[PDB]
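Next up: just one chain, as structure tokens, the form deposited in one PDB entry.
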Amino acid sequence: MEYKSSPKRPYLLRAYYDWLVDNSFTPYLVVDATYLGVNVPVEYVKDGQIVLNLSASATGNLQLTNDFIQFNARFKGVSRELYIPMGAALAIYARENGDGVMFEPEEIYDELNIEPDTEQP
């Protein structure tokens, strides 16, 4: 009996996020900016990746859903909304000591690596 099931990544990301914050660490998220649908300031991307501070003080309206991470943040003082499909989330760790986790591959994220509509009808 083959059972269909959702990716584990969002649950692991929220687990480590909560653990990091409960221990007063500053949660840093490593993102694959080459993943389709990623919407971040390209000028801050290095080697195809971008590291984001997901602390409560560095983000606004933080959402860690099963399909994506979304929030407002300031870059050089300018507030902008970032949108990150879950497949682009590579790891999350504490800025203070690097403790965290690198998410294991999940084939579903290859299938979901598709460019969404960002323009209105």
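From 1 onward, residues are counted along the sequence shown.
The protein also exists as the form solved in complex with a partner chain; that form is not presented, and the subsequent description refers to it.
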{"item": "Contact test in the entry with it bound: residue 60 vs its partner chain, heavy atoms, 4.5 Å", "value": "yes"}
{"item": "Distance check, residue 96 to its partner chain in the entry with it bound, heavy atom within 4.5 Å", "value": "yes"}
{"item": "Contact of residue 83 with its partner chain in the entry with it bound (heavy atom, 4.5 Å)", "value": "no"}
{"item": "Non-hydrogen atom contact residue 28 with its partner chain in the entry with it bound at 4.5 angstroms", "value": "yes"}
{"item": "Interface residue in the entry with it bound among 50, 64, 38, 91, criterion: non-hydrogen atom within 4.5 angstroms of its partner chain", "value": "50"}
